[PDB]
Each structure stands twice: as structure tokens, then as C-alpha cells.
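Q: Dumping the structure here so I can ask a few things about it.
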There are 2 protein chains.
Amino acid sequence: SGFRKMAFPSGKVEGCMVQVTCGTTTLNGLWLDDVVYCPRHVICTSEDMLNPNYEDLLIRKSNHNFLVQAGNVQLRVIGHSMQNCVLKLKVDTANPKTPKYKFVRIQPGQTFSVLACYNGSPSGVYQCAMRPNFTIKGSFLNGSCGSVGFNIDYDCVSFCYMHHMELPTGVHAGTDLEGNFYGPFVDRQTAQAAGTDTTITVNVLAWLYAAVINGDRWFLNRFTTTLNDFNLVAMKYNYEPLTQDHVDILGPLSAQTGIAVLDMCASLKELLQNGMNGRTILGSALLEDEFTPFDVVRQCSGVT
Amino acid sequence: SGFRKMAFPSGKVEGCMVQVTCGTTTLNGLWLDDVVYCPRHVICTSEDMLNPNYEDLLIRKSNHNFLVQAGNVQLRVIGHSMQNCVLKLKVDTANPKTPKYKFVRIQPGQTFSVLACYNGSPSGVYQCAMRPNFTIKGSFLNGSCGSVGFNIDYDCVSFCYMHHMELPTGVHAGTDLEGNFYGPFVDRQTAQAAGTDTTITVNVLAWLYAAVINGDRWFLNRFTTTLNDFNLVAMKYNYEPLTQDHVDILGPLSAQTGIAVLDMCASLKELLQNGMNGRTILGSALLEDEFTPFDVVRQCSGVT
Ligand SMILES: O=C(Cc1cccc(Cl)n1)Nc1cncc2ccccc12
Ligand SMILES: O=C(Cc1cccc(Cl)n1)Nc1cncc2ccccc12
């Protein structure tokens, strides 16, 4: 028992991190096979960041201007190309540590691990979620660009995020591994509107099931609700609407605990309306929404 | 910016995890050089767990009864010995992936990363602290024994914890890498008193400095306090007493923010006495105490 914000083991991803330098800018790259993926803003100086024309800026750059370093060895760049907001640097050496991998574009509400890197070296690993407003609440400093987000299925790493920006609000924006930003964000130093950060209702419910599994049952009440009644309360509290797909996804957790999804919804409804009254749930004084029903099941069953 | 419960990259430790089976019991082992370290309770059946005489139980075991598997290859055990509550299995092959390492016994209040494992395979990585009552609030299921806690200094892994037990209360107990339990716990299935779980005051203060660094300044007030006045409030709220050593350890954070330690103490004092009033600090509704002043500085400076 015990429930923790748990990240995937990062070793497979550590073996892919490299440092990419272009001119005066240094950020992280992901080395998979003979290609290094990195944010295209590696070609920009701070001056260029106001209104960059990446196509025009890229024209002034040749293969030899992209300095790629893996550990302490330099990689030879034999090709370069821009795919949306990522640069793909073709190197002459395939990464001998390339794991089995996929490039996936996740949905808002899904969770993933981030290996925060600086100068191609990993500094830490943490678990986060793609928010409904397509931002992430990471922990990133200057130089962390090119740090990636991933999920692991046994031995296959599904890369889902590459870090690009910090918005003026302190939240983070980035792309999938094809260079498409999550959300309406652009790689420009301009006023960008993040949007309402709603709570991922299905994830809160999964975490309430994790609490019951782990013995915290104080919030369980004698009431039930309907999807429509629950959603009237959920909208009022900026919670994502709960759908029948979400009820179905909570099926395994509902079965394991013997608590019907709509009964857990009524518990959540009362927690929203009355607060926690100074009490905690799994050592938290707020409702946690960065665990999916899959994360809860995985953590409570010990999938390796 | 952004502040997260961040763990060390686990790759160096993943390369050391093995599965140790003795009879019907399987748990994790740590393979460093030609020695596999594991909890001595690997020799016990559930029946033996009530009152085990490990010396007598060990006599019935020979090298060939300890099945050590690294990945899918079997390691040949050429020696075995008990050191306090750990078994050290001498194998004929040195781990080719042994990183630079140390065995250290941490103090209550210090933090470390845990690589949770099952059958020698890692499932997740999370950050935790050794509580003042010498328990840890981990996330561990049956089979996780032998999972380790560690810190990394550039390339040197300092192993500090090996998981052994879950107490009836759901908290976890374990040893350092010499087999000495943290706290008064014994590897026996008996009624064991964890003790008062106090709050690590110096860590709360460090996290308050991290909040100011990251822009959350609502809790900063116009007051100051003294160590003795602060401690009168701290004892009332089961907070660890704050000493001049702790004030000194917060020096760098105090300098970076321009907020004197005793002024942050007065802020903490008012947060304790008045509560958060439904507000959050770094996305938390309670005072976080699992970040040391070193963790805060490391995260805010990007040490790799
Ligand atoms: O945001 C940028 C650079 C940038 C500026 C404008 C547009 C684009 Cl695409 N990229 N880098 C950072 C990322 N994450 C965290 C940071 C923390 C401090 C300073 C920079 C940080
Ligand atoms: O506590 C034990 C086995 C045990 C029993 C008595 C004494 C000793 Cl030294 N060891 N194993 C576990 C560790 N962590 C978490 C667990 C969760 C569920 C079931 C067992 C768990």
C-alpha cells in the first residue's frame, strides 16, 4: 500500500539524451537511430525570438553549424530538416542505446513522465499530465528545451512531448515528436493565452478509487448521483464533464472496490460542495487529478 | 520556473536490479560488483515471519538455494552471508553496469529517490523522505522488498535505503545497505510502534523559499519572529524544532530571495496558526516537507 506520484524508470530515455548547440544557443536533443530531434528555436538568438522566420533563419545554417554532443563524443551531422517546430539532425551514427520506440500524440488528461535535462545531461524525473488547456505544469529552467515526456509499455518507449517554451504565466508548452505544439501555442516570444485550466474529473475519480484501495475511506458517503446531476456540480467547479466513456474506463476500479462509479461521483460532489474540512486524502489536502485510471491500476498492481 | 517532486534519473540503479528467489519467496536484489544485496527475509516463508530465527533458518540454506537472475541470465552464487538484516550473495560475475557507488546512512529529514521493483524489474521512480519517526511513506506492494533508495552526486550513486517491510499502518520500514534498520523496527511480523510523525520544519521553510522563487508570495507577511518564539508554535503543531544549524542551511535560499530566515519563520507561524484559507502554495493546499534546502537549490539551479 501507499500511493505516490510515480514516474517511469528513465534509463531508456537517459541513453537518448544529447546536447545540441547552434551558434550561441544550447539545448537538449533526443537521439533515436541516426536522427537527433530538437526544438527548432535552437537556431534563434534572444533577438530573433520576438518574430522569427524559421525558414529564413534556417537557410543561413548548414550541417556543420549544429554541434551535437553525446556524452563527451561529437556526432557528425550529415543532414538537417525542419518538421513543424522540430529540427531533425541526421547524424552518421545510429544511437547504440536506441530503445524500442513510438511517437504518439497524447490527449489532454493523459499523464507522462518527464526527464528534465540540461546540456544533454539528465537532472531529474517527474510525473505530470497534459492539462485540458494543453499546457503542462512542469519544472523547467533555461536550457531544459528538448527535454522529453514519455510513457513505457514493458520495453517500448512512447515519446509524447518535447519541451519548447515557458509561457509568461510559468506554465509550459511543447510539441509532440513530429513538432506540432500541444494547444494553440507558437514558438514565439509573444503574448500567448493559455486558457482555463480545468480539473480532469476522470483522474480525480481514479485517485478517489486509489484512496479507498489504500484505506482512506472517510469521504465515502451514503449517496449516489446521475451523470447529468454530477456534471451540473462539476461545471460549477471548472471540472471536465464526465462521460459514459469515463464511467467505462473506471470499470476495473469500480469492480475492485465494489463502489459504483456514480456513488464515487456523489462522494466527489460532496467533497466539492463542502470542502475537505482540514482533512487529507492520500496525504493531500486537495483533489489530485494527475493520475489516470490506467496509472492507478498500474501502481496498485505493480506492472514492470 | 515550476516546482515538482523530482526524483533522480534511475538508469544507474536500473542496471543493478536483480531478482533473488529462495524457496517460494522472490524479492529484489541490488547487484554491485560481485555481490547481490537483498533483505534477509528472502529465506522465510509466511509461517516463519511470526518469530524467525534467521541464523537457524540460514543454516538450512546453501549457495544453490539462492536463485539470482539478472534480466534473463542466471548468476552463479559462490558465497552467502548475513550482515544484520541483509544477505550478501557473492556471485561469480561482477556487474558490468556497476556505477560509482557509496553506502550511506541518512538522517531523518533527508530525501532520496526510490526505484520500486518487482521480480528484479523496475516499475517506477518516486521521491520521498526519511520521516523523523524513521518510516518512509512509499508506494510498495508485495514483492517490492529489496527495492532501493538512493541519491546521485554527478556520477556517484549513494545507496541509502533498502525496502524490507510494510507496517500494519501502511507506512514502510527498511534498512541502510549494511542491513541496519532505520528506526526501532525489526524484520518480524509483530506489533511495531512507528511513533509520532512530525513535520520536517527546515524542509517546509526550504519549500516556502522555492515558492517565493517561483512567484507564489501571498503568504509573505510584515512580521518577524525569534527561534524560541517560532519553536513554541512549531512544537504545538508537531513540527520539528528549528535550530541555528537549520537557519545556516537555509542561508543560500535566504540570500537568493532577500528574505531573512526568521521572517520566513514568521510567515510559516501565521500559516500554521491561521491555515491556508482555501489557497494553495506551489499547487499544494498543505505545507510540503519532502524537499530539503539542498533539493530546492538543486532544482532551482539545474544540477545534472
Ligand atoms: O521559453 C524558453 C525559450 C523560448 C522563448 C520564447 C519562445 C520559445 Cl519557442 N522559447 N525557454 C524556457 C523553457 N522552459 C523554462 C524556462 C525558464 C526560464 C527561461 C526560459 C525557459
Ligand atoms: O512486509 C512485507 C513482508 C514482511 C512481513 C513481515 C516482516 C517482514 Cl521483514 N517482511 N512485505 C511488503 C513490503 N512492502 C509492501 C507490502 C505490501 C503488501 C504486502 C507485503 C508488503
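Following the order of the C-alpha cells, chains are lettered A, B, ..., residues in each are numbered from 1, and ligands are numbered from 1.
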May I have the residues within 7 Å of ligand 1, computed using only C-alpha atoms and all ligand atoms, as a compact mmCIF listing (two decimals) with C-alpha atoms, in the first residue's frame?
A:
```txt
# COMPACT_ATOMS: atom_id res chain seq x y z
CA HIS A 41 14.31 27.51 -31.76
CA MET A 49 12.68 35.22 -30.61
CA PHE A 140 11.93 23.60 -16.24
CA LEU A 141 14.73 26.22 -16.25
CA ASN A 142 16.54 27.94 -19.19
CA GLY A 143 18.37 25.21 -21.12
CA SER A 144 15.73 22.49 -20.50
CA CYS A 145 14.28 22.78 -24.02
CA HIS A 164 9.84 24.11 -26.02
CA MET A 165 8.56 27.07 -24.01
CA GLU A 166 7.64 28.61 -20.71
CA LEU A 167 4.65 30.95 -21.02
CA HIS A 172 4.96 25.06 -20.06
CA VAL A 186 3.62 29.06 -31.17
CA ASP A 187 7.42 29.17 -30.65
CA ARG A 188 7.49 32.96 -30.47
CA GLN A 189 8.18 35.39 -27.61
CA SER B 1 10.12 28.06 -13.19
```
Q: Can you tell me, as a VMD selection string, what residues are no more than 12 Å from residue A:135 when counting only C-alpha atoms, ignoring any on the same chain fewer than 6 positions away?
A: chain A and resid 107 to 110 128 to 129 161 163 to 167 169 to 175 181 to 185 192 to 198
Q: How would the residues just picked look written out with C-alpha atoms as a PDB file, in the first residue's frame?
A:
```pdb
ATOM      1  CA  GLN A 107      -4.867  13.594 -25.326  1.00  0.00           C
ATOM      2  CA  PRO A 108      -5.453  16.309 -22.703  1.00  0.00           C
ATOM      3  CA  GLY A 109      -5.865  14.453 -19.404  1.00  0.00           C
ATOM      4  CA  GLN A 110      -3.205  11.815 -20.141  1.00  0.00           C
ATOM      5  CA  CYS A 128       2.914  15.184 -14.998  1.00  0.00           C
ATOM      6  CA  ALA A 129      -0.280  15.465 -17.097  1.00  0.00           C
ATOM      7  CA  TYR A 161       6.247  15.516 -25.548  1.00  0.00           C
ATOM      8  CA  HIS A 163       9.683  20.805 -24.128  1.00  0.00           C
ATOM      9  CA  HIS A 164       9.839  24.109 -26.015  1.00  0.00           C
ATOM     10  CA  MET A 165       8.564  27.068 -24.007  1.00  0.00           C
ATOM     11  CA  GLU A 166       7.642  28.614 -20.711  1.00  0.00           C
ATOM     12  CA  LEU A 167       4.652  30.949 -21.018  1.00  0.00           C
ATOM     13  CA  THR A 169       2.393  32.574 -16.508  1.00  0.00           C
ATOM     14  CA  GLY A 170       5.009  29.938 -15.539  1.00  0.00           C
ATOM     15  CA  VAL A 171       3.306  27.002 -17.259  1.00  0.00           C
ATOM     16  CA  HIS A 172       4.956  25.059 -20.058  1.00  0.00           C
ATOM     17  CA  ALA A 173       4.223  24.437 -23.699  1.00  0.00           C
ATOM     18  CA  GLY A 174       5.705  21.991 -26.134  1.00  0.00           C
ATOM     19  CA  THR A 175       5.210  19.690 -29.041  1.00  0.00           C
ATOM     20  CA  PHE A 181       2.507  22.065 -30.484  1.00  0.00           C
ATOM     21  CA  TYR A 182       0.012  20.826 -27.983  1.00  0.00           C
ATOM     22  CA  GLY A 183      -2.534  23.649 -27.898  1.00  0.00           C
ATOM     23  CA  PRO A 184      -2.588  26.974 -29.727  1.00  0.00           C
ATOM     24  CA  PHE A 185       0.961  27.921 -28.736  1.00  0.00           C
ATOM     25  CA  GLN A 192       0.011  33.755 -25.579  1.00  0.00           C
ATOM     26  CA  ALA A 193      -3.280  32.883 -23.842  1.00  0.00           C
ATOM     27  CA  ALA A 194      -3.088  29.530 -22.012  1.00  0.00           C
ATOM     28  CA  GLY A 195      -6.867  29.197 -21.367  1.00  0.00           C
ATOM     29  CA  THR A 196      -8.965  27.903 -18.416  1.00  0.00           C
ATOM     30  CA  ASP A 197      -7.140  25.121 -16.602  1.00  0.00           C
ATOM     31  CA  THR A 198      -9.965  22.736 -15.778  1.00  0.00           C
TER      32      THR A 198
END
```
Q: Once DSSP has gone over the backbone, tell me which residues of stretch 44-271 of chain B are in strand (DSSP E or B), as a count of residues only.
A: 67
Q: Can you check which residues of chain B have any atom within 7 Å of chain A? Use only C-alpha atoms and format it as an MDAnalysis selection string.
A: chainID B and resid 1:11 14 118 121:126 137:141 170 285:286 302:304
Q: Determine the nearest neighbour of ligand 2 from the options B:67, B:148, B:250, B:233, counting only C-alpha atoms and all ligand atoms.
A: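 Of all the options, B:148 lies closest to ligand 2.
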Q: Between B:242, B:16, B:94, B:162, which one has atoms that come closest to ligand 2, using only C-alpha atoms and all ligand atoms?
A: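 Closest to ligand 2, using only C-alpha atoms and all ligand atoms: B:162.
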Q: Would you mind listing what lies within 7 Å of stretch 199-208 of chain B as a list in words, with only C-alpha atoms counted and same-chain residues fewer than 3 positions away left out?
A: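 The contact residues come out as residues 109, 211, 212, 238, 239, 240, 242, 246, 250, 264, 287, 288, 289, 290, 291, 292, 293 and 296 of chain B.
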Q: Would you mind exporting the chosen residues as a PDB file, in the first residue's frame, restricted to N, CA and C atoms?
A:
```
ATOM      1  N   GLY B 109      14.741  13.310   7.915  1.00  0.00           N
ATOM      2  CA  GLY B 109      14.583  14.609   7.282  1.00  0.00           C
ATOM      3  C   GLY B 109      15.229  14.678   5.910  1.00  0.00           C
ATOM      4  N   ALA B 211       8.772  28.506  -3.216  1.00  0.00           N
ATOM      5  CA  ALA B 211       7.540  29.156  -3.654  1.00  0.00           C
ATOM      6  C   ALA B 211       7.770  30.621  -4.007  1.00  0.00           C
ATOM      7  N   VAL B 212       8.509  31.351  -3.184  1.00  0.00           N
ATOM      8  CA  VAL B 212       8.818  32.754  -3.434  1.00  0.00           C
ATOM      9  C   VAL B 212       9.627  32.889  -4.730  1.00  0.00           C
ATOM     10  N   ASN B 238       3.284  19.861  16.123  1.00  0.00           N
ATOM     11  CA  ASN B 238       4.113  18.674  15.873  1.00  0.00           C
ATOM     12  C   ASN B 238       5.123  18.891  14.751  1.00  0.00           C
ATOM     13  N   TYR B 239       5.756  20.054  14.762  1.00  0.00           N
ATOM     14  CA  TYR B 239       6.806  20.412  13.826  1.00  0.00           C
ATOM     15  C   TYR B 239       8.123  20.185  14.533  1.00  0.00           C
ATOM     16  N   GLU B 240       9.151  19.722  13.811  1.00  0.00           N
ATOM     17  CA  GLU B 240      10.476  19.529  14.400  1.00  0.00           C
ATOM     18  C   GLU B 240      11.031  20.876  14.863  1.00  0.00           C
ATOM     19  N   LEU B 242      13.347  24.011  15.175  1.00  0.00           N
ATOM     20  CA  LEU B 242      14.284  24.614  14.241  1.00  0.00           C
ATOM     21  C   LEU B 242      15.528  25.077  15.027  1.00  0.00           C
ATOM     22  N   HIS B 246      19.940  24.681  11.100  1.00  0.00           N
ATOM     23  CA  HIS B 246      18.899  24.753  10.075  1.00  0.00           C
ATOM     24  C   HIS B 246      18.840  26.151   9.475  1.00  0.00           C
ATOM     25  N   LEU B 250      19.651  27.171   5.517  1.00  0.00           N
ATOM     26  CA  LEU B 250      18.747  27.973   4.685  1.00  0.00           C
ATOM     27  C   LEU B 250      19.371  29.287   4.156  1.00  0.00           C
ATOM     28  N   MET B 264      10.804  34.349   7.256  1.00  0.00           N
ATOM     29  CA  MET B 264      10.089  33.215   6.668  1.00  0.00           C
ATOM     30  C   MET B 264       9.467  32.363   7.791  1.00  0.00           C
ATOM     31  N   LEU B 287       1.383  22.240   3.744  1.00  0.00           N
ATOM     32  CA  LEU B 287       2.777  22.619   3.766  1.00  0.00           C
ATOM     33  C   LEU B 287       3.635  21.379   3.448  1.00  0.00           C
ATOM     34  N   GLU B 288       4.346  21.403   2.325  1.00  0.00           N
ATOM     35  CA  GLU B 288       5.190  20.297   1.877  1.00  0.00           C
ATOM     36  C   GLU B 288       6.518  20.225   2.627  1.00  0.00           C
ATOM     37  N   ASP B 289       6.903  19.026   3.101  1.00  0.00           N
ATOM     38  CA  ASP B 289       8.145  18.889   3.863  1.00  0.00           C
ATOM     39  C   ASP B 289       9.112  17.823   3.309  1.00  0.00           C
ATOM     40  N   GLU B 290       8.929  17.422   2.038  1.00  0.00           N
ATOM     41  CA  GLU B 290       9.809  16.407   1.462  1.00  0.00           C
ATOM     42  C   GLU B 290      10.749  17.018   0.409  1.00  0.00           C
ATOM     43  N   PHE B 291      11.194  18.281   0.660  1.00  0.00           N
ATOM     44  CA  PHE B 291      12.236  18.913  -0.133  1.00  0.00           C
ATOM     45  C   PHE B 291      13.210  19.502   0.846  1.00  0.00           C
ATOM     46  N   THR B 292      14.475  19.092   0.807  1.00  0.00           N
ATOM     47  CA  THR B 292      15.487  19.690   1.679  1.00  0.00           C
ATOM     48  C   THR B 292      15.918  21.036   1.086  1.00  0.00           C
ATOM     49  N   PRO B 293      16.657  21.868   1.841  1.00  0.00           N
ATOM     50  CA  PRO B 293      17.227  23.087   1.242  1.00  0.00           C
ATOM     51  C   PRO B 293      18.163  22.751   0.064  1.00  0.00           C
ATOM     52  N   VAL B 296      15.899  22.054  -3.012  1.00  0.00           N
ATOM     53  CA  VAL B 296      15.341  23.283  -3.550  1.00  0.00           C
ATOM     54  C   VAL B 296      16.377  23.987  -4.418  1.00  0.00           C
TER      55      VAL B 296
END
```
Q: Please, which residues of stretch 10-245 of chain A, numbered as in this document, come out alpha helix (DSSP H) from DSSP, as a compact mmCIF listing (two decimals) with N, CA and C atoms, in the first residue's frame?
A:
```txt
# COMPACT_ATOMS: atom_id res chain seq x y z
N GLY A 11 15.94 5.26 -17.42
CA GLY A 11 17.14 4.76 -18.08
C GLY A 11 17.10 4.67 -19.60
N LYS A 12 16.01 4.17 -20.15
CA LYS A 12 15.90 4.04 -21.61
C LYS A 12 15.99 5.38 -22.34
N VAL A 13 15.48 6.43 -21.70
CA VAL A 13 15.46 7.79 -22.24
C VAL A 13 16.75 8.50 -21.97
N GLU A 14 17.41 8.25 -20.81
CA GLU A 14 18.72 8.81 -20.50
C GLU A 14 19.72 8.47 -21.61
N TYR A 54 11.55 31.14 -39.14
CA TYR A 54 12.39 29.94 -39.06
C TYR A 54 12.91 29.46 -40.38
N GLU A 55 12.12 29.57 -41.45
CA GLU A 55 12.57 29.16 -42.78
C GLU A 55 13.75 30.02 -43.22
N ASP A 56 13.66 31.34 -43.02
CA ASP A 56 14.73 32.25 -43.40
C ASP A 56 15.96 32.07 -42.52
N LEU A 57 15.75 31.89 -41.21
CA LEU A 57 16.84 31.67 -40.25
C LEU A 57 17.59 30.37 -40.53
N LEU A 58 16.85 29.33 -40.92
CA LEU A 58 17.41 28.02 -41.20
C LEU A 58 18.30 28.03 -42.44
N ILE A 59 17.97 28.85 -43.46
CA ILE A 59 18.74 28.99 -44.70
C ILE A 59 20.19 29.37 -44.41
N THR A 201 -11.64 15.43 -14.22
CA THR A 201 -12.62 14.70 -13.41
C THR A 201 -12.39 13.21 -13.35
N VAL A 202 -12.19 12.56 -14.52
CA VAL A 202 -11.96 11.12 -14.53
C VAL A 202 -10.71 10.73 -13.72
N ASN A 203 -9.68 11.59 -13.74
CA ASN A 203 -8.46 11.33 -12.99
C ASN A 203 -8.70 11.50 -11.51
N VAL A 204 -9.50 12.50 -11.11
CA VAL A 204 -9.82 12.69 -9.68
C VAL A 204 -10.55 11.44 -9.15
N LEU A 205 -11.48 10.90 -9.96
CA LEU A 205 -12.24 9.72 -9.59
C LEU A 205 -11.35 8.54 -9.45
N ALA A 206 -10.41 8.33 -10.40
CA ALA A 206 -9.44 7.24 -10.30
C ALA A 206 -8.64 7.34 -8.99
N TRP A 207 -8.17 8.54 -8.63
CA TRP A 207 -7.42 8.80 -7.41
C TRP A 207 -8.28 8.58 -6.12
N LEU A 208 -9.58 8.83 -6.21
CA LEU A 208 -10.50 8.53 -5.12
C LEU A 208 -10.60 7.00 -4.97
N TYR A 209 -10.62 6.25 -6.09
CA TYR A 209 -10.58 4.79 -6.02
C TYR A 209 -9.25 4.33 -5.40
N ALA A 210 -8.12 4.96 -5.79
CA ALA A 210 -6.81 4.62 -5.19
C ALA A 210 -6.81 4.85 -3.71
N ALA A 211 -7.49 5.90 -3.24
CA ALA A 211 -7.56 6.19 -1.81
C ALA A 211 -8.32 5.10 -1.05
N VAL A 212 -9.45 4.66 -1.57
CA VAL A 212 -10.25 3.60 -0.95
C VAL A 212 -9.44 2.30 -0.89
N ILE A 213 -8.74 1.95 -2.00
CA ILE A 213 -7.86 0.77 -2.09
C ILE A 213 -6.79 0.84 -1.00
N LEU A 227 -25.15 11.00 -13.99
CA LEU A 227 -24.13 11.70 -14.77
C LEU A 227 -24.50 13.17 -14.98
N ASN A 228 -25.75 13.44 -15.31
CA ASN A 228 -26.24 14.80 -15.52
C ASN A 228 -26.24 15.62 -14.23
N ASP A 229 -26.63 15.03 -13.09
CA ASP A 229 -26.63 15.78 -11.83
C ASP A 229 -25.18 16.08 -11.43
N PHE A 230 -24.31 15.06 -11.53
CA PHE A 230 -22.90 15.22 -11.20
C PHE A 230 -22.26 16.33 -12.04
N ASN A 231 -22.51 16.32 -13.35
CA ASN A 231 -21.97 17.31 -14.27
C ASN A 231 -22.41 18.72 -14.02
N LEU A 232 -23.61 18.93 -13.44
CA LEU A 232 -24.06 20.28 -13.10
C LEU A 232 -23.14 20.87 -12.03
N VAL A 233 -22.73 20.03 -11.05
CA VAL A 233 -21.81 20.42 -10.00
C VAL A 233 -20.41 20.55 -10.56
N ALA A 234 -19.96 19.57 -11.34
CA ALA A 234 -18.65 19.59 -11.99
C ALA A 234 -18.42 20.87 -12.82
N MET A 235 -19.38 21.30 -13.68
CA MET A 235 -19.18 22.54 -14.44
C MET A 235 -18.98 23.74 -13.52
N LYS A 236 -19.80 23.85 -12.46
CA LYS A 236 -19.68 24.94 -11.49
C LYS A 236 -18.27 25.07 -10.91
N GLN A 244 -19.87 8.75 -20.39
CA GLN A 244 -20.02 7.31 -20.23
C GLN A 244 -18.71 6.59 -20.57
N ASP A 245 -17.90 7.13 -21.50
CA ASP A 245 -16.58 6.56 -21.78
C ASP A 245 -15.71 6.58 -20.52
```
Q: Can you list, as a list in words, every protein, DNA or RNA residue that comes within 6 Å of residue B:151 when you count only C-alpha atoms, leaving out same-chain residues fewer than 2 positions away?
A: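 My reading of the contact set: residues 112, 157 and 158 of chain B.
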Q: Generate a file of the selected residues that holds C-alpha atoms, formatted as a CSV table (one decimal), in the first residue's frame.
A:
```
chain,number,residue,atom,x,y,z
B,112,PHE,CA,16.1,10.2,-1.6
B,157,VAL,CA,25.1,6.7,-6.5
B,158,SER,CA,24.8,6.8,-2.7
```
Q: Skip residue B:32 itself and residues of its chain fewer than 5 positions away, then list as a PyMOL selection string all residues within 12 Å of it, counting only C-alpha atoms.
A: chain B and resi 12-18+37-38+70+88-91+93-103+157+159+177
Q: With only C-alpha atoms and all ligand atoms as the basis for distance, which of B:22, B:85, B:297, B:130 is at the shortest distance from ligand 2?
A: B:85
